[PDB]
Amino acid sequence: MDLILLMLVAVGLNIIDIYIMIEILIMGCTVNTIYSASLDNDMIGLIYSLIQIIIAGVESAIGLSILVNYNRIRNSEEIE
Amino acid sequence: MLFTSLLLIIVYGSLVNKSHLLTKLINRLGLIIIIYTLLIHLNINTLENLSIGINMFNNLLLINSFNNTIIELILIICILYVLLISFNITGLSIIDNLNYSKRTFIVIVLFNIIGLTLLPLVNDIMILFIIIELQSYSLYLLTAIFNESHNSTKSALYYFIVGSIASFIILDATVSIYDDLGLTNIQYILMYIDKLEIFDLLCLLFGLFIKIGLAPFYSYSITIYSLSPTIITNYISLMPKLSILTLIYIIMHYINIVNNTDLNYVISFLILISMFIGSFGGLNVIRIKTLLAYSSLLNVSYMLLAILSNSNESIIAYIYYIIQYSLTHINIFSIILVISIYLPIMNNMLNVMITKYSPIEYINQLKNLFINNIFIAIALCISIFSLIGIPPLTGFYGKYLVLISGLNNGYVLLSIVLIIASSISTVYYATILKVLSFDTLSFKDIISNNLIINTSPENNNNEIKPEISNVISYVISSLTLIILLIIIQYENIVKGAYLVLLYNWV
Amino acid sequence: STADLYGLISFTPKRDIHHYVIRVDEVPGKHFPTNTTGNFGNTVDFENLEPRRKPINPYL
Amino acid sequence: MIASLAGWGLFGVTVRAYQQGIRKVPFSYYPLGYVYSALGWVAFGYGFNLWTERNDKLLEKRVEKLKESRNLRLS
Amino acid sequence: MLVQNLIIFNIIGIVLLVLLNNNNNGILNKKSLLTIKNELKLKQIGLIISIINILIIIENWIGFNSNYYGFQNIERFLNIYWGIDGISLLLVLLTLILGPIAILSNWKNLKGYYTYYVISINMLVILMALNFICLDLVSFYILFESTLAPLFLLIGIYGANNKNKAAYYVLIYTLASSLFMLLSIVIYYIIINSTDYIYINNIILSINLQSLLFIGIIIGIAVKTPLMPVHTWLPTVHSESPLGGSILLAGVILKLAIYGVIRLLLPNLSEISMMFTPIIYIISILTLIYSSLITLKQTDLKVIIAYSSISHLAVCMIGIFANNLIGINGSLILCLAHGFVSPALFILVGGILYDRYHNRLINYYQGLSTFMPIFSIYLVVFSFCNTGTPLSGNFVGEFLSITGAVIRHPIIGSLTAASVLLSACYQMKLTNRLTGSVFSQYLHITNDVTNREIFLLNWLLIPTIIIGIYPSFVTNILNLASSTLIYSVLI
Amino acid sequence: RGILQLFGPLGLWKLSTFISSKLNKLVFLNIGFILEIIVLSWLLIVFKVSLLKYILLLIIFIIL
Amino acid sequence: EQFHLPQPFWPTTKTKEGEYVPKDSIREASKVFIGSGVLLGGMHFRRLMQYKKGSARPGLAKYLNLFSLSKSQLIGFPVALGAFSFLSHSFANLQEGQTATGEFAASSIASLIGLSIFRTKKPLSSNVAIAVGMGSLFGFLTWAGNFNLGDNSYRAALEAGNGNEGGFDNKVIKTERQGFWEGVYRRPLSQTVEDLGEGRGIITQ
Ligand SMILES: CCCCCCCCCCCCCCCCCC(=O)OC[C@H](COP(=O)(O)OCCN)OC(=O)CCCCCCCCCCCCCCCCC
Ligand SMILES: CCCCCCCCCCCCCCCCCC(=O)OC[C@H](COP(=O)(O)OCCN)OC(=O)CCCCCCCCCCCCCCCCC
Ligand SMILES: CCCCCCCCCCCC(=O)OC[C@H](COP(=O)(O)OCC[N+](C)(C)C)OC(=O)CCCCCCCCCCC
Ligand SMILES: CCCCCCCCCCCC(=O)OC[C@H](COP(=O)(O)OCC[N+](C)(C)C)OC(=O)CCCCCCCCCCC
Ligand SMILES: CCCCCCCCCCCC(=O)OC[C@H](COP(=O)(O)OCC[N+](C)(C)C)OC(=O)CCCCCCCCCCC
Ligand SMILES: CCCCCCCCCCCC(=O)OC[C@H](COP(=O)(O)OCC[N+](C)(C)C)OC(=O)CCCCCCCCCCC
């Protein structure tokens, strides 16, 4: 069911919904890293997992700021 | 030098008052920083010492002669770009003040230069993910530096989403390699190069192919380059390719150890499509930056053929091609920024709107450049004929060396296709030359008192006032003659490329 | 002479999964942050380590 | 080496002369610019000659090992 | 003492013209004296430059040995080796001779920018001349395609109404095809590590690889001679390019394909050239026959001359691919003779009639001998020279090329004799119309051929007659060089 | 003026106009459009390489 | 005595007589036909859901229309690809190997079969011209050696000792024909007679 690109329907029809999809996709990689590190008893993989969480948080902030300013520009006359 | 000086500039810029003059002088400070960085790097890093390859910072980074050459190229090209914002490009306040409006312009560039230089040096999958995001985030900020521009913010929104998906693919590939092997250091992974899924590295390359606008992911790159300001498009369309292509060559160098034929075919398939879209795509377009975006896609495809072959001749071909293409890229965008002073002023059909961010936006805005400035027009013609591949310009030798690597490794189909694509792309390349000069003899006896340059006041009616500032005109003059007169020193330059080794030794 | 020179440089030596360059100069595990002596599965003796493979510098 | 640096200085005069045409000034405008331009590329030419002379030494040393590798292949 | 002096002098010549004309361009609103009389003093300097270029090769000609086998005047310049043999020496002289002739043709018939035109013409003459004295494939290709950039701008700026279409045709036809020749050159540098003329002539490649290399090289050559069916660009370019551009294109550029066969095919791909010879003859014979019949239906005056060059160069391709000395010498003789007669026909059509009436349609002209007797004398004489009438160099070239073709292939090579009839059919039908009947009702009486146009016609006619009556001036130089190209094992 | 123009400047111009018109409609700013193409490229990794020519024929079919 | 014609063909690895186990044309073609139909059919239904997810947003509709296929295309594409897979395998078995002639025939016929389905509202000659064009492209693809020559490249030949690294020697004459990428100083005269034949200057005048 994945090869027919079923996930393209589960994503909503708003720009912020695309942002949510990216966070979920990146979160799946981090969960996989924790899964492998825990089985191996490897703290190096848990270091990688922590880095992925911190880096993904930075990505969300930058993307939101661009989207905030993009919404600001349209409602920017502010004559009142 | 970069990191320490960046912190000082960050604090200093926020302390002094907000003004165009201080921002321009701060931009010159950034120019000195990059120049000092180049001097320090050249003092300690040499080609001979780095031939073996030296690990750094607990083997997280690995520098060799191949990596060092690109870093030196990155610093040099960044110096030429800062000259645009550190000096006048047209001499007119209404046009030039855009570069001096944003104080964080030089700060964001210094952030990206750190990412660009460290990316080819990555030796761990963890630091690979960290650095690729460091470079990607800096590009998003630079694309959105003009936050009062609707197109600039829209492009950055597009850039963020496409790059984030590519970063996820890159992260997904590295995580899958860790699951199979449990190791994060690349050199440790090379011990198991014959026991890991080699198509996981193809997933890694797919993320890198997105970040360089390769087909089928070309569409976002063309849209972003056309909408972004010319001063921003000049950076974001060249700098990411300097570092990512170098990293792709290293990854392909490791992949060729197992020599997976299926891996080569998939990359060949993407190169074949990129040559089709790169050539036929630019045939029917009216924007100059849209035309250059297709030109960028086509030339990256030519370099990828050298990268895919990954042999001794590929090192010579790639190093030469990336250096000469960057110089041609700088020269063309430098001329485009300057020639905005020859635009006629209305004093209407098609209701054409031109903004201050992209004064030159259409190919036909280059009309009568042969009459307006014969030396600048010839400089553009030399650059365009280099992209075509007319010998003995720098462009011909780049394609000549790429063909050598492609045909030596047996890529007969791609070599023939790249030459058909070159002929097809010559059509839109020649269109630029047609606009510049083909109406010279009919418009020689014409009067133009409505040009932008005509609005510039004179000093005393006796001073010989040049139309162009000293710095930008000198850079165009230097780059044009290097492209034209490469035959004089071609033999020695290739000998320098002979000594760039990626673990060849003997 | 020029043809001979280009033949030497342009020749790419064959690489395979049995012969290739790995840039590791030492064996890890001589010191761990804590609990260095684990299940005694580390059989590599650093007191009698044989000489490592050294990288070749063609210019030296 | 003087002839080499003379050529590099000649190239620097060409760059300045080509700059004058770009800026639309007579070629005698500020003649001191040619002195600055020529000495700038003389400095680049001096460094370029050192780069090429150094590269020739490095190439010869590597060629010796390549010939040894070729002899083993041809046997 | 040749390439070094030729390049340095011409580069200094280019700089000299640029400094003088572009000194006062700084929005001076000036008048200046160099621009007086349509920039006479700038055209004169460029004309002097072309004359001096001829003297440069003459100094090396004095030391040329016709009894010495191998390249002479071997010189290293720009990391490239340059040399001269019998075949190269004559082709260089022809290229440099047409320099002043091309400049003098557009002396006072350009709308402006004479300095740009003069520099472009001299640049093209030197670049084409250097292409005959390079000693490797890479250097051959560099000069083979370097002429495209000056020629593309020259046609697009000084061209006729359809100059835009002509500029696209010459740029794309001659580049897309030459790139296939570059592939064969790249293959040589991969498997032999060198593209030197002498080095690659002694190497025998596999019969399959020689077939692939021959096809790649012949595509670039066949488009440039040109041969059917890749010839359609040439009539468009000639009908729209300026007269000086037509002279260089018809007199020099089309001869590079014949010289390309000498250097790139015969001595290095000798085994596959024998196999390809029947195919080359079939293509060239059809090129000769079809072009002559197509010329009978053309209405543009300059297009008719353009198609005539295609038929003659088909004979040159036939002669040069014959495996005997008679065919090879005749092909080289015909190239030299065509290098003078063909520009003269363009001068008569595109330089004399066009500069007065500005219309190239054939329906406007008839009975021109009534008020232009001097024009008709040269038109008739050059028409007979173009048709291969004896006492002209074209007859010597055509007869030996036909004879060499019959020696190479008695059955199908006999068809080359049809050039004697077919060439007279279209050339005389044009000349008979232009001189016969009453003077045209659509033309006003005006000046006959002026002194400047008399000079151009006379000094293009003189070499043709000298070669035609005493071709031993040319044969003696060529005999030793041409004998090396023959491949045969008689036992 | 016939077949050599069909296999020449006139024929290639019509071919170029048809192909370039299709490519002009593929370049527009749309998150859903570029997202599907990126996800579609993942099928190249999944598919066995012997199917590349079938993909190549399929791509040409969509140009029509 | 056949005519002596040039052979501009790149080297290909040959299988001796008795080798080349044939390919099951039906099974290989059925996998492509079924696989293509499920994906094209599956994506069509998925795109219908995207239309129903929202139909008042012009941006989404514009991109969905580009990827949308007509009913004839959803049927024609799997049939054309399935026919291509069958004919390519069937023609390869006849010739004991894959050739550009067989791929030209397989591509042109399969394209014409497909074109007759989803391009019904066009002249037949128009579909023949495209089928010839499509078949020629894949014939050129096979002639060039697919995406890479593989072990028939010069780099592979140079590693195996079949190159020109050792130079050339006129004093050594090899009766057997040299390699594709190998060059020699002097060749046997018998080989020249094989390539060209007696006649216009070989042996006899
Ligand atoms: C002797 C000198 C020879 C020099 C030239 C040699 C090459 C000659 C090429 C001949 C083929 C092109 C000439 C004929 C094409 C004419 C195109 C045309 O007529 O219309 C375009 C056609 C659709 O037809 P339509 O738009 O309706 O026009 C009305 C027709 N009654 O649109 C179509 O249906 C075309 C098919 C769809 C597009 C297919 C594209 C696939 C790739 C084609 C090959 C490109 C290869 C490029 C390689 C480098 C880039 C990878
Ligand atoms: C089943 C999933 C979808 C198929 C995969 C698509 C993605 C991979 C293809 C790579 C190129 C990406 C192009 C962008 C994706 C295409 C999206 C699409 O399908 O849009 C269809 C587009 C518009 O078609 P249109 O008819 O105008 O609109 C239909 C309205 N009823 O029609 C088009 O114009 C799209 C075609 C773009 C041109 C690509 C050409 C690639 C090169 C093919 C020839 C190869 C060149 C070498 C040939 C010789 C090889 C030996
Ligand atoms: C209006 C203007 C129109 C154009 C006019 C052109 C006039 C040319 C001027 C004469 C020049 C001259 O004489 O150059 C000669 C000198 C000295 O050569 P050398 O030191 O022996 O080097 C060896 C030369 N070999 C190999 C031929 C023997 O080389 C130079 O300086 C070269 C100038 C730089 C060319 C650009 C390529 C190198 C870039 C390096 C960084 C990437
Ligand atoms: C040792 C190596 C360096 C060379 C020494 C000189 C350095 C420059 C300082 C001098 C002062 C100056 O540059 O003054 C500025 C001048 C003049 O500009 P203008 O437009 O006439 O100004 C107008 C002033 N009026 C009104 C009086 C006329 O600019 C130049 O001449 C530009 C050339 C820069 C120098 C050459 C650099 C070459 C680098 C290329 C190698 C990669
Ligand atoms: C053999 C090596 C030669 C290389 C260098 C040649 C000179 C380059 C131009 C610099 C000077 C300049 O741009 O000056 C312009 C000159 C002079 O023309 P003008 O009528 O006075 O100019 C108009 C000004 N008016 C109207 C006030 C009088 O015209 C040229 O452009 C001629 C030379 C270029 C011809 C070919 C262009 C494309 C080159 C592509 C290379 C692959
Ligand atoms: C192997 C030998 C190769 C020889 C050369 C190949 C054909 C060259 C055609 C000249 C085109 C030209 O001139 O481009 C200019 C022409 C302009 O057309 P126009 O004349 O104004 O009429 C047409 C315009 N209308 C209808 C308005 C009147 O635009 C084209 O056609 C654009 C497509 C050209 C692509 C060429 C790529 C060739 C690929 C390599 C070979 C497979």
Side-chain angles (χ1 to χ4, degrees), chain B residues 302 324 381-404 415 418-427 429-430 433 483-487 490, chain E residues 7 78 80 95 120 123-156 167-189 195 216-226 230 233-234 237 241 245 248-249 252-261 263-264:
Chain B
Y302 297 165
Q324 60 90 11
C381 290
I382 291 184
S383 304
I384 295 303
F385 274 136
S386 182
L387 292 187
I388 297 179
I390 303 299
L393 304 182
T394 51
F396 160 74
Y397 290 114
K399 298 189 180 186
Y400 172 67
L401 294 181
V402 164
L403 278 167
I404 291 176
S415 300
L418 113 84
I419 254 168
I420 301 184
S422 302
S423 58
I424 298 175
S425 65
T426 311
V427 181
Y429 281 145
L433 309 174
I483 297 173
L484 177 63
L485 304 176
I486 197 62
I487 177 61
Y490 172 76
Chain E
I7 294 184
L78 295 177
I80 297 180
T95 302
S120 298
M123 181 181 304
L124 288 175
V125 173
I126 297 301
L127 287 179
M128 298 176 307
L130 291 174
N131 199 13
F132 296 109
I133 54 193
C134 48
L135 294 186
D136 49 310
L137 311 180
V138 177
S139 303
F140 186 89
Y141 182 85
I142 287 177
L143 298 161
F144 194 75
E145 289 303 304
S146 61
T147 63
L148 250 189
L151 188 62
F152 172 81
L153 292 168
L154 194 68
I155 299 176
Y168 275 100
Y169 283 13
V170 58
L171 178 60
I172 300 174
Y173 261 90
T174 59
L175 182 62
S177 59
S178 65
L179 286 175
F180 285 95
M181 187 177 65
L182 183 61
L183 287 177
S184 301
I185 297 181
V186 169
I187 293 297
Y188 265 108
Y189 191 67
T195 53
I217 300 178
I218 201 63
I219 287 178
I221 291 183
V223 173
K224 278 263 187 170
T225 129
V230 287
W233 64 273
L234 187 70
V237 176
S241 60
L248 290 183
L249 177 67
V252 182
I253 291 186
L254 305 178
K255 282 74 172 57
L256 280 175
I258 303 299
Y259 179 78
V261 175
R263 298 308 178 186
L264 319 183

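To find a chain, count down the sequence lines: A is the first, B the second, and so on, and within it residues start at 1. Scope of the values below: all heavy atoms of this structure, side chains included, with no hydrogens, waters or symmetry mates.
- Considering only residues two or more places apart in sequence or on other chains, B:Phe396 meets the ring pair (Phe, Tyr, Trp, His ring centres under 6.0 Å) condition with B:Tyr400, E:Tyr141.
- A 4.5 Å side-chain heavy-atom check between E:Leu175 and B:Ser423 finds every atom pair outside the cut-off.
- Counting only heavy atoms from C-beta outward, the side chains of E:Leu151 and E:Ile253 approach each other to under 4.5 Å.
- No side-chain heavy atom of B:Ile483 sits less than 4.5 Å from a side-chain heavy atom of B:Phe385.
- To the nearest 0.5 angstrom, B:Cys381 atom SG is 14.5 Å from B:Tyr429 atom OH.
- Between B:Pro392 and B:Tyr490, the closest side-chain pair of non-hydrogen atoms is not below 4.5 Å.
- By the ring pair (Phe, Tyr, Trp, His ring centres under 6.0 Å) test, E:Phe132 pairs with E:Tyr259, sequence neighbours left out.
- Cation-pi check for E:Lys224 over E:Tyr173 is not met; the charged atom does not lie both under 6.0 angstrom from the ring centroid and within 45 degrees of its normal.
- Of the possible donor and acceptor atoms, none in the side chain of E:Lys255 sits under 3.5 Å from a partner among the backbone N and O of E:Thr225.
- Side-chain contact check for E:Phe144 versus B:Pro391: every heavy-atom pair is 4.5 Å or farther apart.
- With a 4.5 Å cut-off on side-chain heavy atoms, E:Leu234 and E:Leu249 count as touching.
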Check the pair B:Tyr302 / B:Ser422 against side-chain hydrogen bond (donor to acceptor under 3.5 Å, both in side chains), numbers first and verdict last. CA-CA 10 Å; B:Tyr302 297 165; B:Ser422 302; 2.9 Å; yes

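- Under the 3.5 Å distance criterion, the side-chain polar atoms of E:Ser146 are matched with a main-chain donor or acceptor of E:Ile142.
- At least one side-chain heavy atom of E:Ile80 sits less than 4.5 Å from a side-chain heavy atom of E:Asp136.
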